[PDB]
Amino acid sequence: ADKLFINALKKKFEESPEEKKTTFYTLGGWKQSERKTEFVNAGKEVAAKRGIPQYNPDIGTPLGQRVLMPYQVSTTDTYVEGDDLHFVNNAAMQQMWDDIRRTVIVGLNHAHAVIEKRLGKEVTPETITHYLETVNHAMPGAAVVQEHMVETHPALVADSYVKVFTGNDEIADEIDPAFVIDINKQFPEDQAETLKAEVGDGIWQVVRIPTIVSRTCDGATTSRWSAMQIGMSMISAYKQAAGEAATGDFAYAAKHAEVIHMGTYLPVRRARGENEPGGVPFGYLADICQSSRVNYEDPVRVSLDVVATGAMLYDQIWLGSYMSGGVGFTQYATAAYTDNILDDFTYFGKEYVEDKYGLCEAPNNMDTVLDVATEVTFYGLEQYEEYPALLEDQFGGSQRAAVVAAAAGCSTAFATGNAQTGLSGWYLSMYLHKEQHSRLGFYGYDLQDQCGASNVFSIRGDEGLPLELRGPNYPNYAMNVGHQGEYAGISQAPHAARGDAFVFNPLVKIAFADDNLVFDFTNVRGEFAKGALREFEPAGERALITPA
Amino acid sequence: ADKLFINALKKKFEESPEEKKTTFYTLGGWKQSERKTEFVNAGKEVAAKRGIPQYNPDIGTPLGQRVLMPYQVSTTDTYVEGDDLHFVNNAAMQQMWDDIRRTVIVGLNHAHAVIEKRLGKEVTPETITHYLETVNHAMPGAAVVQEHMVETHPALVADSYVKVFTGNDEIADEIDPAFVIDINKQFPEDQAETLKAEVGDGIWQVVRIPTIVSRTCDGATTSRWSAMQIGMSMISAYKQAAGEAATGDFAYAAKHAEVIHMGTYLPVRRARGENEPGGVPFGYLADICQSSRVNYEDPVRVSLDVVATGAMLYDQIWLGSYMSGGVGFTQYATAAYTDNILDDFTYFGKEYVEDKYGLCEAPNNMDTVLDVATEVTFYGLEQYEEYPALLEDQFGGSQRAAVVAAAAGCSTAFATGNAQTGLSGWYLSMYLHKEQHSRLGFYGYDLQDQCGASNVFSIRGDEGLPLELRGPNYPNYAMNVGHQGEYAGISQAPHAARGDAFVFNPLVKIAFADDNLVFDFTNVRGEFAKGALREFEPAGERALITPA
Amino acid sequence: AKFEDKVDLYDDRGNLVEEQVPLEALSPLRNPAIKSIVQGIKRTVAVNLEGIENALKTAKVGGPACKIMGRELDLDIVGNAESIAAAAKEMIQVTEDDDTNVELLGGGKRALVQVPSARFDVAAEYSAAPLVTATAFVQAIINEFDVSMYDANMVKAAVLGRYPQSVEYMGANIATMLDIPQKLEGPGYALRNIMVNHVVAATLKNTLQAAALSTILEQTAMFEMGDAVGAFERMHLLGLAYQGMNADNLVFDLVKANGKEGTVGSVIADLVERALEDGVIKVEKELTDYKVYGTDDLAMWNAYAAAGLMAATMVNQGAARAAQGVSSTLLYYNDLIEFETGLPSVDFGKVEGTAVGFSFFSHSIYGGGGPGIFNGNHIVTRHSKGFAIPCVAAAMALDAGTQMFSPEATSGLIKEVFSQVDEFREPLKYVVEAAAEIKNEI
Amino acid sequence: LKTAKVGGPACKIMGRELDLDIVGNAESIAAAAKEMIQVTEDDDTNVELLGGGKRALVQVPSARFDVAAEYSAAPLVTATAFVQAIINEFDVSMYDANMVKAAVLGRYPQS
Amino acid sequence: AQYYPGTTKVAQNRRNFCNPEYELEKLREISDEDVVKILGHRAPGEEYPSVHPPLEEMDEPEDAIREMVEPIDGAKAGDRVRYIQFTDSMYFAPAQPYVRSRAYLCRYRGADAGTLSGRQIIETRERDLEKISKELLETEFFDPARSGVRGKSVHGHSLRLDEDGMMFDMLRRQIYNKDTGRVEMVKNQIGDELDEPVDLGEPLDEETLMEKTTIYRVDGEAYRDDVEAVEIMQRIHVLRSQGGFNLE
Ligand code: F43
Ligand SMILES: C[C@@H](OP(=O)(O)O)[C@H](NC(=O)CCCCCCS)C(=O)O
Ligand SMILES: [Cl-]
Ligand SMILES: [Cl-]
Ligand SMILES: [K+]
Ligand SMILES: [Mg+2]
Ligand SMILES: [Mg+2]
Ligand SMILES: [Mg+2]
Ligand SMILES: [Mg+2]
Ligand SMILES: [Mg+2]
Ligand SMILES: [Mg+2]
Ligand SMILES: [Mg+2]
Ligand SMILES: [Mg+2]
Ligand SMILES: [Mg+2]
Ligand SMILES: [Mg+2]
Ligand SMILES: [Mg+2]
Ligand SMILES: [Mg+2]
Ligand SMILES: [Mg+2]
Ligand SMILES: [Mg+2]
Ligand code: NA
Ligand code: NA
Ligand code: NA
C-alpha cells in the first residue's frame with residue numbers, strides 16, 4: 001500500500017513525491033497564499049484604524065519563494081495552511097488549554113468525614129445530590145447565604161460546573177446522573193474495572209471554573225475558586241454555621257489535603273503557579289487525552305493522539321508563548337500531528353515489534369532498545385531519502401528528529417511494555433540520526449539528547465525519575481521544542497500496548513471522560529482540524545456584554 | 001452644597017436619606033431586580049442546553065428581602081446594579097487588567113550600545129524608525145527572516161504594538177511620530193519637564209503584546225514575547241547575522257538588564273510569575289492610572305481615581321479571583337468608587353487641611369497625624385450616623401473602614417506631603433473607628449491594621465518600607481480586602497498635593513500616557529461605568545475565527 | 001555582659017534549676033544546647049522503609065493517587081532493614097566515628113537518620129539532610145537486592161517522589177521538620193517553616209516543652225532574619241526567656257493561680273499586678289477613675305505581657321482542652337490589656353494582628369485550617385516576630401482530640417522519629433542546663 | 001538617599017530626599033555596624049573600609065551561621081546593622097528612617 | 001481591674017459587661033429546653049454527642065499545665081464544640097461586637113470568641129455553651145428587637161429598623177407580636193422552624209436602650225466627646241508607632 005503520507009505529499013506539490021527537482025521563485029511570494037493575502041489586507045486595515053504600521057509583507061525577507069504548503073491534519077481529510085494551526089488563530093487549541101487549566105479534582109472524603117465526625121451529621125447519595133445542586137448554582141459565581149450579593153452572569157459562565165465520580169457503583173447510580181461521570185458508560189469493561197478498583201469507595205469532584213475567569217486570571221486561580229464555592233456549598237447544603245472552626249477543615253481539605261492539580265508550580269526563573277503547562281507531567285497529559293478509552297484496539301492511534309495533544313500544548317502554547325512568544329513554534333509541533341508521517345513510521349515499528357516479539361513480550365533490556373529503536377530510526381530516515389517531497393515538507397532537522405525518534409521510542413515501549421526503555425530508544429534514535437545525516441536539530445536541540453542516555457536510568461536526585469513522572473520541568477527538558485509532547489506519547493505507548501486504563505493517575509483519566517467539556521478530548525486531532533477551519537465554538541467570549 | 005452622596009441615596013430608596021425606619025420583605029425577592037431576572041432566565045437556558053442545573057434563585061437563602069440597590073459610579077451619572085460592576089460581567093475591568101498585564105517597558109540603551117560598540121554600526125533617529133517599523137510588523141506575531149513561517153492573524157492581534165519615548169525632545173521629534181509617546185503633548189508643562197529630566201537621553205520602548213495571548217497565557221509571558229520580537233527586529237532592521245554571539249546580548253538586555261516589569265514574581269504559597277497583580281507595587285499602580293496628567297488641579301480627583309483603579313484590580317480581580325474566587329469581592333471594592341461617598345469624605349479632609357495648614361505645609365510628624373486623621377475619621381463616621389440610608393448602603397463594616405480610613409490617610413498625606421504619615425493616619429482611623437462603633441471589618445480585616453502602627457516606621461527586614469514601595473506582597477498586606485487599592489490612593493495623595501508628575505516610577509507613568517491602549521487610563525471610573533453599561537469594546541475576542 | 005539582666009530558670013514541674021542566669025546565656029548565639037537543637041533539626045531525617053516498600057510493591061509513586069501499572073517491584077526491604085540501614089550509614093557518614101546516627105525503629109519499618117554535622121559546615125543550607133539520606137537509601141536498596149538498571153528508577157521515585165519535575169519531594173517516603181528552601185516567605189525563614197503539629201509531635205504533647213521548642217525555633221529565626229540585631233536584641237532575648245523558657249516561673253505561677261477557675265481576663269489582672277509589684281510598670285497619670293500606666297523598660301514590659309499571653313492560652317485552651325480558641329486568646333489578651341493599662345500589647349500590636357488573621361483563617365472558607373497546620377512561615381502567622389506561634393504549640397499540646405488535622409494525622413512519621421531525640425523532646429531541660437553551665441562565661 | 005532613587009531601576013520618590021554624609025563618616029558608621037554584627041568582641045567579624053570609605057567588606061561572624069539554617073543572615077544582619085548605624089550616626093527621624101532601609105535593601109519584602 | 005477608659009454611660013456600660021463582678025440585669029426568663037431549641041445543635045432529650053472520649057478514659061502523660069488547669073465540664077465529658085452567634089443593631093443595641101468578645105474572655109472559661117461587624121460568635125464545649133447561652137439570652141446582653149441570634153445570613157446590623165423597631169432579618173427568626181408587644185423566636189439560630197415559638201419578652205423602650213447601650217453615636221453619646229477614651233486610643237497608637245521603630 002501507499003505510505004500513509006503519500007496523499008498529503010500529492011496534495012502539496014505538483015510533482016510526484018519521488019521527484020527530485022522542482023522550480024522555485026515563480027509563485028508571486030505571499031500572493032500564492034489565500035491566508036497571507038488575508039493577512040496583508042488585514043494589516044492594512046489595522047494600521048489605518050489605529051494609526052500605527054503593523055503587518056506588512058515588504059518588511060524583512062519575502063515569504064513564499066517556495067511553495068507555502070497545506071498540511072493534512074493526521075487522521076482527518078482536512079487540509080489547511082499552517083497559519084490555521086497557530087494557536088493564536090485556532091480556538092480549538094486555545095480551548096483545549098483552557099479546559100485543562102480551569103479543571104481541578106477535589107476529594108469529598110475529608111469533607112464528608114468533617115460532616116460525620118466533627119459536626120456529627122449523615123452523608124448519603126441524597127445529601128450528595130443536594131450538595132451538587134447547590135454547588136452547581138454556586139461554582140459559576142452565584143450566592144447561597146448572604147443578603148445583597150452580586151453575581152456572575154450565568155450565560156458568561158455556562159461552561160463552569162461540578163461533577164463527581166466514584167468506584168462505588170451503588171452510590172454512582174443513585175446520585176442524580178446529571179452530576180456523575182459514569183465510569184461504566186465511558187470506559188470499556190476491562191478499563192472500567194481497573195479504574196473503579198483504583199478509586200474504590202472514594203468520591204471525587206471534577207470542578208471546572210469558568211473559561212472567562214481562567215483567561216482573565218491564571219491557572220493557580222482554579223483550585224482557590226473551586227475551594228471557595230465548595231466551602232459555600234457545604235455551608236448551605238448541610239445547614240452549617242456560616243463560618244465556624246470546622247469551616248477551616250473544609251478549606252484545608254479542598255485547597256491542600258485532597259486536591260489534585262493538573263500542574264505543579266515552577267521554579268523562579270520560570271515562575272508560575274499551579275495549573276500551568278510546565279507543571280503538567282507527561283503521564284498526566286497522556287491521561288487527559290481520552291483516546292485510550294475510544295481507540296483501545298489501536299495502540300498507535302492512542303499514542304499518537306497523545307503526541308498531538310502534547311506537541312500542541314507543550315511546544316506551541318507553552319514553549320512557543322509562555323516561555324518565548326512571537327511567531328513561535330507552530331511547525332515544530334505540526335510535524336508530529338500532520339500529513340500522517342509520524343503515523344506511517346509508528347505503524348511500521350508496531351508491526352516490526354508485533355511480528356518479531358509480540359507486543360509487550362520483548363525483554364525489557366538494552367538488547368531490545370538497540371534492536372527496535374535502530375530499525376525504526378533507519379526506516380524513518382529512509383523515507384526522507386526516498387521521498388524528496390517528504391524531506392521538503394519536514395524541512396527542519398528538529399521536526400525530523402522528533403518524528404523519527406518518537407516512532408522509535410514508542411515502538412521500543414510497545415516491545416518492552418516499559419516507558420523507560422522506550423525513552424532509551426528515543427535517545428539512541430537521535431544519536432544514529434545525527435551520524436547518518438551529519439545534522440540533527442536546531443542549535444540547541446540535543447541538550448537533553450546528549451544528557452539523555454546517561455539520565456534515562458540514573459537514580460540521582462535531579463536526574464532519576466520514571467518517564468511518566470517527568471515533565472516540562474525535568475531539568476534537561478525545561479527549554480527545548482520537539483521533545484515534550486513526544487515524551488508524553490512514549491509515556492502512553494507501553495500502557496496502550498498493555499491495555500492499561502491509565503498511564504499515571506486514574507483520577508485524571510476519569511476527570512476528562514466528560515462530554516460537557518468544551519473541547520472533545522476523545523478526538524484531539526479532529527478538534528484541531530475543526531479549529532483550523534474556524535468551526536470550533538469556544539467558551540469565555542464576551543459578546544453578551546459588549547455592543548452589537 | 002449638598003453632601004456629594006445625597007443624590008445617590010435618593011435614587012436608591014423611597015425614604016429620605018435621614019429617615020431611620022423602612023419596611024422590608026415586600027419586594028418579591030429577586031423579582032425586584034432587572035439583573036437578577038435576567039440571570040434567572042439565563043440559568044434556565046443554560047441548564048436546559050447543557051443538561052446540568054446551574055443558576056437557580058431557590059438555592060440557599062432568598063436574595064432581595066431588602067432593596068437590591070443601584071450604585072452611582074462616582075464622578076459619573078451612571079447608576080447600575082452591582083452585578084454590572086462584577087469583573088466577570090464588565091469588559092472594561094477585564095481589559096484594564098489585560099492592558100497592564102500585556103505591557104512591559106524595555107530600554108534601547110544597552111541594545112544601541114551593543115549595536116555601536118559590538119557591531120560597530122551607527123544609531124540615529126532614522127535607524128530607530130526603521131527598527132520601529134520592523135518591530136511593529138513582528139511584535140504581533142509575524143516573520144521577518146525565515147522562509148515558510150506561519151503567522152498570527154493581524155486582526156486578532158491588532159492591539160499589539162511598540163512605541164518609544166525619550167526625554168530628549170529633538171531626538172523624539174525626529175523619530176516617526178506614529179511610534180512616539182510625546183511627553184510634551186500628553187503632560188502639562190511642569191510635569192513634562194520633570195519627566196523629561198528623569199528620562200534624559202535614555203530611549204525606552206513600551207511594548208504591548210496581544211490581549212488574546214495574555215488571556216491564553218499569563219503575565220510572565222509578556223517580557224519573553226517582547227524580547228523575542230525585539231530580537232528578531234534587531235536582526236532584520238540592523239542587517240545582522242541571524243543568530244551570532246552578539247544576539248545573546250540583545251536577549252539578556254531585553255529580558256533582564258533593561259526591562260521593567262509591571263509586577264515582580266510572588267513567593268511559592270501564592271506562586272505567580274511577573275506581571276501579575278500581586279507583584280504591582282502601590283506606587284506603580286498610582287503611576288499607571290493617568291488621572292495625574294489630566295486632573296492635576298484637583299488632587300482629590302487624582303487620588304480617588306487611583307483608589308478606584310486599585311480597589312477594582314486588587315480586591316475584585318486579584319484578591320477576589322486569583323487569590324479566592326466565586327461570587328467574590330465586588331462590593332468590598334465598589335464602596336471605594338461609588339455613590340461619591342469616599343469623594344465627600346476626602347474633599348472634607350482636603351479642605352480641613354487647606355484651611356489649617358495649607359497643602360504640604362503641615363509638619364511631617366505624629367502631631368499632624370493625630371490631628372488630621374482623627375478629624376476626618378469622626379466626620380466620616382458621623383455621616384453614617386446622620387444618614388441611615390448611607391449606613392444601609394455601605395452595609396459591611398469593612399467597606400466603611402476602608403472608605404473612612406482612605407479619606408483620613410489621604411488627607412493626612414495632603415497635609416504632610418509624605419505618604420508614610422498618611423499611612424499612619426490610615427491605621428489611627430481604624431483604631432478610632434473600632435472604639436467608636438465597637439466593630440470594624442470582617443473577621444480578619446484588621447490583621448494589617450493591628451500590626452499597622454508599629455510597622456509604619458519600622459526599619460526591619462520584612463517590616464520597613466516606604467509606602468510607595470509596598471504592594472500586595474508586603475507581608476501584612478498579602479491576604480485581605482479593603483486595603484490595597486486604598487493604599488495606592490494614599491501613595492498618590494502627597495504627590496498629587498505636591499504637583500509631582502509621578503509617584504514611584506517615571507517610566508511607568510509615561511508608558512500608560514497612550515491613547516492606543518484599549519482602556520482609557522485617564523478616566524478609570526468613566527470606563528468602569530461604560531463597561532457596566534455593556535458599552536466597552538475589549539480586545540482579544542475570537543469572533544473572527546469562530547462560526548458566525 | 002552586653003545586658004545586665006539575670007533570670008531564674010526552672011524545670012517543667014515548676015522547680016528551680018538555677019538562679020540568676022545572665023540573659024545572654026539563653027541566646028541562640030551563645031547557648032550550646034540551642035546550637036545542638038538547631039543543627040539537629042537541620043540534619044535529622046525520618047525514613048519510612050515500610051512506606052518505600054509499599055510504594056514499590058504497588059507502583060504508587062509520584063504523589064497522591066498516582067500509579068504506574070506494570071512497574072511493580074516486590075522487595076523485602078523491612079525484612080532486610082538492618083543490612084540496608086548499615087549500608088546507607090556507610091555512605092551518609094563522613095568518617096566511621098563521627099556523629100552520624102542511623103537507628104531502626106518499629107521493627108525496621110522506620111529509621112531515624114542524623115546526617116553528620118560536618119556535611120552542613122561545608123554546605124550553604126540544610127537540604128543535604130534529605131538529599132544525602134535519600135540517595136544513600138536508594139543506593140542501599142538497589143545494592144541489597146541487585147535491582148537492575150531498568151528498574152532502579154522506581155526505587156528513586158518511591159523514596160523522593162516526583163522531584164525534580166515537582167519542586168518539592170512530592171510523594172516522598174522520607175520526612176523532615178524543615179521544608180525546602182524555595183518555600184521560604186523571605187530569606188532567613190527556614191526555622192519558621194516547621195508545622196506546629198510537628199513541634200507538638202516531637203515533644204509528646206508536653207505543653208511547656210512544646211512551647212519551649214517552638215520559642216527556640218522562632219526566636220532563633222529572628223536572629224537569622226536580623227530582627228534580633230542591635231536595638232531589638234534584648235526584646236527578643238527577654239521574649240525567649242519569659243514566654244518560652246518560663247523565666248522566673250512567671251508563666252507557671254500565672255497558670256497555677258488561674259487554672260482552677262480563671263479566664264483570659266483574670267490572667268491579665270494577675271500579670272498587671274505582677275508587673276507593678278516588680279517595678280516593670282508604674283502609674284504615669286490619673287484620668288477619671290482610670291490609671292494610665294507607663295514603663296521605663298518597654299522590652300521588659302513586652303516580655304511580662306508575653307508570659308501572661310502564654311499563661312492565658314494555657315488557661316483558656318487548657319480549660320476547653322480544645323485548641324481552636326488560641327486565635328481568640330492571642331487577639332483579646334492583647335486587645336484587653338491595652339485598654340486595661342494604656343500600654344502597648346505584645347509585639348506592639350503584631351500579636352493582636354496575627355491573631356485577627358489567624359482567627360479568620362481558622363474559621364472561614366478562604367484558607368488556613370486548624371491551629372496545628374500553621375507555622376511561623378505561613379502567610380497568616382508570620383507577622384509577629386516569635387510571640388504568637390509558641391502559644392499555638394501550647395494550645396495544640398493541650399488539645400484532647402477536637403482537631404481533624406491533628407498531629408496524629410499530619411505528623412506521625414515525624415513523631416516516631418523526632419521524639420526519640422532527647423534534645424528535641426525535652427528542649428527546656430537541655431537549654432536550661434546549658435545556660436547554667438555557661439553562666440559565668442557571659 | 002540624596003536622590004530618593006530607591007526600590008529598583010528608574011524608581012524615585014519625589015520629596016523623600018535625604019542628604020547624609022555617609023562616606024565622610026564611614027569610619028564611625030562601620031564601627032557602629034560592626035558592634036551590632038559581631039557576637040563577641042574580637043570574634044571573626046571583619047568590617048573593613050575600601051575606596052576611601054565608599055565601600056565596606058563585611059564578614060559576618062561564623063557563629064551566626066552555626067545556629068542558622070542557611071546563609072541569608074549575612075545580607076540581613078549586615079543590612080540592618082548598617083541601616084541602624086546610619087540612622088544613629090545622623091539621628092535620622094522615625095519619619096525618614098524607612099528611606100535608609102529602602103536605600104540599603106531595596107524593595108524587599110514587596111519583591 | 002479597670003477594663004475601659006471614659007466618662008460616658010457608654011464607657012461605664014462597656015466596663016460593666018466586662019466586669020465579672022457586675023451582675024448583668026436579667027430581663028426575661030427562658031426555659032432550659034428553649035435555650036436548647038434556640039441553639040439548634042441537639043433535640044431536647046438527646047444525649048450530648050462526643051468528639052472524643054471522656055478525659056478520664058484517656059491515658060495522658062504527666063503535664064504540669066494540664067494538672068493545674070481544670071477542664072470545663074463539657075471538656076471532661078468530651079462534648080462537641082458548638083456556637084452561639086449574635087448580631088447587634090447599630091441603632092443602640094445594648095451589646096455590640098467587640099464589647100461581647102472582650103466581655104466573654106473576662107467572664108467565661110474555655111472560650112473561642114470572634115468579632116465581625118455583622119456577627120459575633122462564641123464556640124465552646126456544648127454543655128457549657130448551654131449554660132453561657134442562657135445568660136446571653138436572659139440578660140441585658142440581649143434585646144429581642146435590636147439583637148438577633150443568627151448562625152447564618154446575618155445582614156442587618158447596619159440596616160434601618162422596620163416600623164415595629166425590629167432589626168432586619170433575611171430569615172425572619174424573631175417576630176414582633178403587636179397584640180402582646182412581645183417578640184417570639186419562631187426559628188432556631190440557623191433558621192429552621194421551631195415546633196413551638198419561644199417568648200423573648202418585650203423590646204426595651206428608647207429610654208432604656210439609651211441607658212444600656214455600648215455604641216457611641218452623635219445622636220447618643222459621641223465618641224469624640226468622651227475625650228478620655230479618645231486620649232487612650234491615641235496613646236496606644238503613638239506608643240505602638242514608637243515601639244516598632246526603636247523600642248523607645
Ligand atoms: C460564610 C461567610 C464566612 C466566610 O468565610 N465568608 C462568608 C461568605 C462569603 C461569600 C458569600 C457568598 C454567598 O452568600 O454564597 C463571598 C461572596 C465569597 C465567595 N465565596 O464568593 C463573601 N463572603 Ni462575606 N462578603 C461580604 C461581607 C461580609 C460581611 C457582611 C456583613 C453584613 O451585615 O451583611 C460579613 C463579615 C462582617 O460581619 O463584617 C461577612 C461574612 C461572611 N462571609 C460569612 C457569611 C455571613 C452570613 O452568614 O450572612 N461577609 C461584607 O461586609 C461586604 C462585602 C461582601 C462580599 C461580597 C462583595 O464584596 O460584593 C462577601 C464575600
Ligand atoms: C492564606 C492562604 O491560603 P492557604 O492557607 O495557603 O490555603 C492564601 N489565601 C489567601 O490569602 C486568600 C486571600 C483572598 C480571600 C480573603 C480576602 S479577605 C493562599 O491561597 O495562598
Ligand atoms: Cl525591511
Ligand atoms: Cl531594650
Ligand atoms: K490568563
Ligand atoms: Mg500533486
Ligand atoms: Mg434529571
Ligand atoms: Mg503540600
Ligand atoms: Mg461533544
Ligand atoms: Mg463644599
Ligand atoms: Mg428616593
Ligand atoms: Mg431541577
Ligand atoms: Mg498616533
Ligand atoms: Mg535580576
Ligand atoms: Mg480613547
Ligand atoms: Mg555516630
Ligand atoms: Mg545489577
Ligand atoms: Mg484614684
Ligand atoms: Mg430559669
Ligand atoms: Na517579509
Ligand atoms: Na437549597
Ligand atoms: Na438563593
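Counting begins at 1 with the first residue displayed.
Cβ atoms are placed via backbone N, Cα and C, with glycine included.
The following features are taken from Swiss-Prot:
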| type | residues | note |
| --- | --- | --- |
| BINDING | B:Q146 | coenzyme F430 binding site |
| BINDING | B:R224, B:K255, B:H256, B:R269 | coenzyme B binding site |
| BINDING | B:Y332, B:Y443 | coenzyme M binding site |
| MOD_RES | B:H256 | pros-methylhistidine |
| MOD_RES | B:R270 | 5-methylarginine |
| MOD_RES | B:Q399 | 2-methylglutamine |
| MOD_RES | B:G444 | 1-thioglycine |
| MOD_RES | B:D449 | (Z)-2,3-didehydroaspartate |
| MOD_RES | B:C451 | S-methylcysteine |
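Candidate recorded positions: B:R224, B:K255, B:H256, B:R269, B:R270. Fewest other C-beta atoms within 10 angstroms, B:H256. Within the set B:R224, B:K255, B:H256, B:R269 that the record links to coenzyme B, no two Cα atoms are more than 25 Å apart, and one pair reaches that distance.
With respect to B:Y332 (coenzyme M binding site), the closest of these recorded positions in Cα terms is B:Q399, chosen from B:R224, B:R270, B:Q399, B:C451. Counting every protein chain shown, the number of other Cβ atoms lying within 10 Å of the Cβ of the residue listed as 'S-methylcysteine' is 30.
The number of other Cβ atoms within 10 Å of the Cβ belonging to the residue listed as 'coenzyme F430 binding site', over all protein chains shown, comes to 13. Less than 8 angstroms from the CB of B:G444 (1-thioglycine) sit B:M479, B:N480, each of them six or more residues away in the same chain. Taking the C-alpha positions, the distance from B:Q399 (2-methylglutamine) to the residue listed as '(Z)-2,3-didehydroaspartate' comes to 14 Å. Candidate recorded positions: B:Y332, B:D449, B:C451. Those with a Cβ under 6 Å from ligand 1, in sequence order, are B:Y332. Chain A comes close to B:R224, B:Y443, taken from the recorded positions B:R224, B:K255, B:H256, B:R269, B:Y443, B:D449 by a C-beta to C-beta distance under 8 angstroms. Those recorded positions from B:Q146, B:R224, B:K255, B:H256, B:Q399 lying by chain C, with Cβ under 8 Å from one of its Cβ atoms: none. DSSP assigns B:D449 ((Z)-2,3-didehydroaspartate) to a helix in the three-state reduction. In this entry, nothing among the recorded positions B:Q146, B:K255, B:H256, B:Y332, B:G444, B:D449 has a C-beta under 8 A from a C-beta of chain E. Spacing of B:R269 (coenzyme B binding site) relative to the residue listed as 'S-methylcysteine' is 21 Å (Cα to Cα, whole number). Applying an 8 A CB threshold to same-chain residues 6+ apart, the list for the residue listed as '(Z)-2,3-didehydroaspartate' reads B:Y427, B:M430, B:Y431, B:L440. For B:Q399 (2-methylglutamine), the count of additional Cβ atoms within 10 Å of its Cβ stands at 24 [all protein chains shown]. Filtering B:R269, B:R270, B:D449, B:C451 by Cβ distance to ligand 2 (under 6 A) retains the following recorded positions: B:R269, B:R270.
The number of other CB atoms found within 10 A of the CB of B:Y332 (coenzyme M binding site), across every protein chain shown, is 25.
A straight line from the CA of B:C451 (S-methylcysteine) to the CA of B:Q146 (coenzyme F430 binding site) spans 58 Å. Ranking the binding-site residues B:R224, B:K255, B:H256 by the distance of their Cα atoms from the Cα of B:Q146 (coenzyme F430 binding site) places B:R224 first. Of all Cβ atoms in the shown protein chains, 24 besides its own fall within 10 Å of the Cβ of B:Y443 (coenzyme M binding site). The CA atom of B:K255 (coenzyme B binding site) is located 42 Å away from the CA atom of B:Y443 (coenzyme M binding site).
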